[PDB]
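See below for the structure under consideration.
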Amino acid sequence: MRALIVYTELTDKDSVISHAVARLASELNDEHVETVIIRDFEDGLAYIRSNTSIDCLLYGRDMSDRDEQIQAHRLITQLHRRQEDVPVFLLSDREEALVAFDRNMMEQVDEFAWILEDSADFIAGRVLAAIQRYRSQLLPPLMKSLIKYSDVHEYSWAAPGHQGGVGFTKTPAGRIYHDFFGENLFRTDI
Amino acid sequence: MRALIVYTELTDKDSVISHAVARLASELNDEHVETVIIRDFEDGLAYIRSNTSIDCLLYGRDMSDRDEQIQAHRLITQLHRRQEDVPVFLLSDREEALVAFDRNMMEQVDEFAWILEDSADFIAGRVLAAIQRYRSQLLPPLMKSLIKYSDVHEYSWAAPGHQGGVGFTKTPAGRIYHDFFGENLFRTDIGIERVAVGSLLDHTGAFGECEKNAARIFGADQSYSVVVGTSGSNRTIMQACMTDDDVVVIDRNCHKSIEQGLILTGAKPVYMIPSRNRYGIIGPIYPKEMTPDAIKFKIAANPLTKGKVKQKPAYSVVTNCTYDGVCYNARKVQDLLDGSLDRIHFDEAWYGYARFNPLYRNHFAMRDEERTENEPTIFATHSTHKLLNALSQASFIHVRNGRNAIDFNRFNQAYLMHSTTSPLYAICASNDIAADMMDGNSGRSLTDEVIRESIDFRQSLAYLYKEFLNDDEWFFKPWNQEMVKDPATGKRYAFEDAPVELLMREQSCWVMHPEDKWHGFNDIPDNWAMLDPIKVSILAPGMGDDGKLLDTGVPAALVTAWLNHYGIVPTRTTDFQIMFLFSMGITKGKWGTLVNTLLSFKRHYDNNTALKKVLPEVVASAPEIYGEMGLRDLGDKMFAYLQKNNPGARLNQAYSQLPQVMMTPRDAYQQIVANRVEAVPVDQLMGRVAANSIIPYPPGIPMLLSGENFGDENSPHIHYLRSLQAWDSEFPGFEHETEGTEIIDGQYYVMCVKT
Amino acid sequence: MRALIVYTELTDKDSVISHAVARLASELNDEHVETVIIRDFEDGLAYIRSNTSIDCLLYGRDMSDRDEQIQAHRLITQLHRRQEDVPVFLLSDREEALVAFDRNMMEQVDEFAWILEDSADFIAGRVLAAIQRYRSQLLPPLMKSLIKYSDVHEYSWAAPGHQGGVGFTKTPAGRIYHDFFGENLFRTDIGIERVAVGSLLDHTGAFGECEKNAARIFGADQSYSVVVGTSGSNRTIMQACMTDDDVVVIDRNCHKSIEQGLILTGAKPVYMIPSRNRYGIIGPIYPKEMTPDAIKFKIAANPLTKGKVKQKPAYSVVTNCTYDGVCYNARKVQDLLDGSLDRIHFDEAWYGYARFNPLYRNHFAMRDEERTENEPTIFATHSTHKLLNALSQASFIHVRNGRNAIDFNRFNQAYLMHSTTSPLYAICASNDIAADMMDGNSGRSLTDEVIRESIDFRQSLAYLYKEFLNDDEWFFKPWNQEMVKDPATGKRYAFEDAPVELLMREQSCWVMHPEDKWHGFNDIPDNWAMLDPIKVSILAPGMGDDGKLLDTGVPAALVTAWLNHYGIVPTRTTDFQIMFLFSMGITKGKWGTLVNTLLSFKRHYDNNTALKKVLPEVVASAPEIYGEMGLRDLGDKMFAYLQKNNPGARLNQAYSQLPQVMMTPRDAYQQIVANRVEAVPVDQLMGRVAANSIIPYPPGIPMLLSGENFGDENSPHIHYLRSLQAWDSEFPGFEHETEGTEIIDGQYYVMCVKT
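Right, here's the structure in full:
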């Protein structure tokens, strides 16, 4: 589980937003969510264009700057080109975000996180819930069922005879073969 | 133990103050006091607005800058909103602080720490002493005594038999259970025979202190902690107030525990009928139901009480607020009922926070007022788990003594009759902590948080509604005023354009005015009812402002299914109405999720997405009809059904006529006990007496009670039951609820008295 | 996950088997399976007798030694006493195990592991699969579903408002509360609107599975889980069974919830009078109270029911066992009452374990028998928290349908009338786990442990009694048989000399025989009553075997004060009787502590130690009389008081005559409601009607109920109240309890009906 936090300048004194984002990142790392913190939309865009899985996007911008609004929209569109249903939270001061509320905001924002006036534990819980919801819908049906059933290891009394690859691990060449191709290939040969 | 040090610029060279604060932080960390150092009041304020426990605040400012003086005052006020008695030390140069000394300084400063000329060890010692003093007074009495006694582990030779959870750790499943719920839950299950704690039933020890503290907080003369919920609370109040030879005045909008009390006492009920609007929302009882004339008319017209017209009613019950968030003006309700009654019961099960925010002023039972001697006795039941912070089954009875009051010895018999001899002290401790969380500044702070959250949701939803309207498109709108008026400046506002401080401060922005069209309770007096902001109803399109369906619409059953798919279970629902609850357990900004979900619905409703993708659990009900079909198609089918059959007029006819009463609820229940009852199909209910209550959803309030007649072949009540059954058969998976009926072969049976 | 490997000597050179087991243990530790390796069956047995969860047993023995075969069989049987379905693998050489293959092997072996010729990875995989299979079936249904659903954290938009405990973590005291009780308690407080779990009130989901499982375990047709305790259980059974026009047969040894049910139903009661012994212990109702002749006589002699002699009683209640541990032969009780009754209620609140040990055979309600069609309906209430392992307020109703049964639709109305609409699911989960702990082998194992513990205490105390007797000195003796008789060999035994297996196996060693002098219930039939071994009464010296006080003695009030000083609070106490409770939460050998304490008393009683040293809390009551005084001095003063006033004959006269009945309990309670009542001093109770019940301790059962007359100036009941008051005034700090009286100025007031 990995969350990307892209924020540029949310307070007139960057200390406040920096410490709030630090507390949030600490809570996320406590619930086993790796975090990547980026301070510019260009670097965030370059990070998204690498083939890294991002399970949640938390961004915050100036909220009075149209240039950063366009940059953030471009960021989220780039994110959803290949990672289409990733949750996006808006990190913002409450009032700056409520004066900017409209349909265009909600077409790209999934959640609000008032970072400056809320517990980081609460936001982290909501992030983790959104990540779990996202990952439960990610795989296509057959792959999902095969990955679930590959955890079942017992000896069935029917073919294939290698029985999830157990048959191979009885000669040394068979053990080399089995280690080369890995266990899951043979566990899905059901 | 955690100390927050917020200092900005105390010396002309920041090195001096920085090194002094570093030495102080080192000494505090040596005495086991975690420290958080912040260099700006904005970041300190943001840190305080997280739910972190702060045991001491040490701050220092410029001392020549008025802007930082205001920032520091705001910081300390924010700190004390929820952490009310935290010690505050001033970190300062001696002379700059002594020239600034006055009453205003000492109203917020508790201690001085001359950081630049004193040992850090001395300051740390004084900080630690202040922290210990603060933490010794933090817990409420019962919780404090239970936490102390939970350290006692020895085998007592008496029940409960699990002996602090030791009994569970003897089988493997018991060990899993014990590890899941933890040791402390079982260590506090001690039994009523420990004099170190007291007993609930005797009202002694920490339990007496708890109930006196709760009476202080909630503004009552006496308070009673209940471990059977507001069911038990209502049941014991009714058992104490009325007897078999009494007549009582019952809000027809009553919880089933009220009829349980009627069955257990045997009293003869008279009903005040509430009002409806076009959306099927149950509204307030009008004042013309409560006047002494109306009550004497109702008594004289009742087949059971017409021989009691010379008799004063012994009890009345009013539900405030209603399930849909309608709050009565309880001052005026009390003044009307004081003309006929000595005892008034307010079932405030959903309405326990109301005392702790000025927005609800005069709209609850236990008010801060000058109390006359000629006042009636006032009972108020709170379900502490519904909207306060307590475990299930926790409840309070609050008594404000007046005319014809019930003293303690008489009331305790009814109290014991409906209680247990072995109460679970975790429930009592949750009552204690729930009353504590509302005491002082924290009650106001928490109710403000919830109300601001709900107002944000309301204004955002109204904004989106107008915005889709400019696109000539449909959307969900909140059920509240469209235009508000600032009384001070006289300026008018669209609801979504009004300032949040106006809506949180001004009570008239929530009153139902007889000239406004939003609430739909025609002919309501002014300043009689109010909308509770945190019971947020949203209206699906389809109902017209005059009471007839529009050409097109979206039924709320489909949107409710959509929401249930996503884990969002609404509390209340009608044909076009969905009620969401904002509680003090909600977090800030969560409502955005809800907005998002609604927007998703609209897209999938406009694209007519196949039900197989979006709502497979609905297709799983009747795959032959719900497969092969889309979302907008099912919506249009439901709306055409509503146009053809129009169950709203059915509801109005069933609830505007009260059924004929044949016997008291106790007599009908005793027909059940005597086995003189039988299940009857709906098509055969003519002239049959109901043996139990029938509560259809909607509207969620009882249509018939025990002992009432279903009526003729033309009775509106049988017609409405048929309407519900017809919906249920037409739309599988979207079946209504009806408490009091069995459903055999998709067909309703009512248990009626044998002829 | 933990695997126990018990192997002794499998190869002629232990190196081979040792290295094979080491490789296996290494593989298991690689798949996250902790291992415990033991080289002897005695140490393995001692390890199993600790309460450690073992998920798999892998054992290997010599395979040519019959002694180790027996040791291994004993090991596996001990394992499955409390961990019943744990997988057992045989570790063996192939051929030694295949020559030993037979049915007896496979009755205890689940898997083979040829440890000497197979990969340790393969064996570890099969062990892990068996462990996972075992753990998936370990929890009972409701607990399993709650543990699964507790992982769901999202904000629901409905009550409870604390939202899985999030609401508490917003004030500092709330955070302390939340940390003390832990997260899982609040995560399981979910409300009744989650279809993943079901609802208690509808009996659906995991709640239906739970109640069906409990009906299976406890031997009932239907079971009902109750969150209001046996108070609520009794109250709902009585509400379902009887009406205002009924006559009912009540054990005069009744819990106050029985009279609460009488008040709530209005039925006219007739009382069966229990017996006493010389120690003031309440014993069984004799069969001559239960015959149809006796019941028709009682009905015809009652001022309230003499117009109902042609009417069949609708209900009877019998308390089994009594508070002092006297168990009726419930087969014979049922056969007697089957001649007058269709419904019999057994209030088995203290007696829930009885089904699960053969020592209680035929002495409880839900028996393993061939069931006739002409049997009456049987109700049984268990207080699952008193002697089973459950949280307070947990209870079961058990129904075995017979004549004039109450079907589900009729019973559920009474069930809902006395319940809450928001049950705390922790209580329901505790019922579920308590029923699970008694299922299978573990019920027998746990009841055996408790009974053996209590028998050890009894025999040790009887031994010390005889040993002090040979020294011609006094001591405490247990209240049980002095001589037991083995029926098989006919051999007689002193109780302290009998084999423990005889006393745990043979039921006749606990029956009260009419020729024995220990129990003191003169004229009792044989094979009618039994002593429950785990309710251990000890007798202080001072009462003679004929009913009169001896020349010297030690009153139990002083010994009770001594025990309370040390944290040992007895359940029951009379003049010379102290009852201790052994529960399944007790640990082994704990009773020694109790023995030690008693011995201490004797020393400090013989040395006449000053009360200031040993019992300062007693001197704190009246320092003018209890200072300056010693322990033996106060004991002699108390005993002289008992000799002069003799309250035992007072108790016998007050409880051998029933008071005159003036009205039903409901009519007296309704006089309370009508405010027609008043407090009255004891000296003025002549001819006054009691408005509530009077329950003096001793004997702890009600002396008067509501609506009964105190009587003339010569009434035994007023005399006994005066005796209690006189004791209380003479000996401050040793005051009796009397439920139903107020104590103003150290003087008793009873709330009586106004004339």
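Chains as they are written, first to last, in the authors' numbering: chain F, 1 to 190; chain D, 1 to 755; chain C, 1 to 755. The C-beta atom is built at its ideal place from N, Cα and C for all residues, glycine as well.
To which residues of the same chain is residue i closer than 8 Å at the C-beta, ignoring the five residues directly before and after it?
i: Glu-95 of chain C; result: none
i: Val-86 of chain D; result: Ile-54, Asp-55, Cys-56, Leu-57, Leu-79, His-80 and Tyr-134
i: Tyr-720 of chain C; result: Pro-647, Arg-650, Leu-651, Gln-653, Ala-654, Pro-696 and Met-703
i: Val-197 of chain C; result: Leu-142, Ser-145, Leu-146, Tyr-149, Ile-190, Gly-205, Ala-206, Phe-207 and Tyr-425
In the DSSP output, which residue or residues are listed as bridge partners for residue i?
i: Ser-225 of chain D; result: D:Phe-396
i: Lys-477 of chain C; result: C:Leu-539
i: residue 758 of chain D; result: In the structure as shown, chain D starts at 1 and stops at 755, and residue 758 of chain D therefore has no counterpart that could be examined.
i: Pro-376 of chain C; result: C:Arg-403
i: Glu-742 of chain C; result: C:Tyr-749
i: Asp-251 of chain D; result: D:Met-272
i: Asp-347 of chain D; result: D:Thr-319 and D:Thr-381
i: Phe-186 of chain F; result: None; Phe-186 of chain F has no bridge partner.
Can you give me the Cβ contacts of residue i inside the same chain, cut-off strictly under 6 Å, excluding the 5 residues immediately before and after it?
i: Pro-141 of chain C; result: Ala-206, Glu-209 and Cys-210
i: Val-309 of chain C; result: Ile-299 and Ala-300
i: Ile-192 of chain C; result: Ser-199
i: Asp-246 of chain D; result: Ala-267 and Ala-314
i: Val-36 of chain D; result: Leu-4
Spatial neighbours of residue i within its chain, please: CB distance less than 7 Å, with the 5 preceding and 5 following residues excluded, ordered by chain position.
i: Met-584 of chain D; result: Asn-389, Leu-446 and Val-450
i: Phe-731 of chain C; result: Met-638
i: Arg-61 of chain F; result: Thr-8, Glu-68, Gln-69 and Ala-72
i: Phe-411 of chain D; result: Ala-240
Mind reading off the beta-carbon distance from residue i to residue j? Whole number of angstroms is fine, and I expect it under 8 Å.
i: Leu-502 of chain D; j: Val-484 of chain D; result: 7 Å
i: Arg-400 of chain D; j: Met-366 of chain D; result: 6 Å
i: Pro-284 of chain C; j: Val-228 of chain C; result: Actually they are not in contact, since the Cβ atoms of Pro-284 of chain C and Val-228 of chain C sit about 29 Å apart, beyond 8 Å.
i: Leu-359 of chain C; j: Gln-507 of chain C; result: 6 Å
i: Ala-3 of chain D; j: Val-127 of chain D; result: 6 Å
i: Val-619 of chain D; j: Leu-631 of chain D; result: Not quite, the Cβ-Cβ distance comes to about 11 Å (not below 8 Å), so this is no contact.
i: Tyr-155 of chain C; j: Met-242 of chain C; result: Actually they are not in contact, since the Cβ atoms of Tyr-155 of chain C and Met-242 of chain C sit about 47 Å apart, beyond 8 Å.
Just to confirm before moving on: does the CB-CB distance between residue i and residue j stay below 9 Å?
i: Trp-591 of chain D; j: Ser-537 of chain D; result: no
i: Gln-393 of chain D; j: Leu-424 of chain C; result: yes
i: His-255 of chain C; j: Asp-347 of chain C; result: yes
i: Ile-378 of chain C; j: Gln-311 of chain C; result: no
i: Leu-461 of chain D; j: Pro-555 of chain D; result: no
i: residue 759 of chain D; j: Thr-381 of chain D; result: Only positions 1 to 755 of chain D appear in this structure, which leaves residue 759 of chain D out of reach.
Does residue i come within less than 9 Å of chain A when only Cβ atoms are used?
i: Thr-421 of chain C; result: Among the protein chains of the structure shown, namely F, D and C, there is no chain A.
Report yes or no: do three or more beta-carbon pairs, one from the segment 173-190 of chain D and one from the segment 177-185 of chain C, lie closer than 8 Å? yes
Is it true that the segment 112-120 of chain D meets the segment 42-50 of chain D, where meeting means three or more beta-carbon pairs spaced less than 8 Å apart? no
If contact is defined by three or more beta carbon pairs under 8 Å, each pair taking one atom from either stretch, is the segment 699-715 of chain D in contact with the segment 659-669 of chain D? yes
Measuring CB atoms only, is the segment 521-538 of chain C touching the segment 272-286 of chain C, in the sense that at least three cross pairs come out at less than 8 Å? With the cut-off at 8 Å, the segment 521-538 of chain C and the segment 272-286 of chain C touch.
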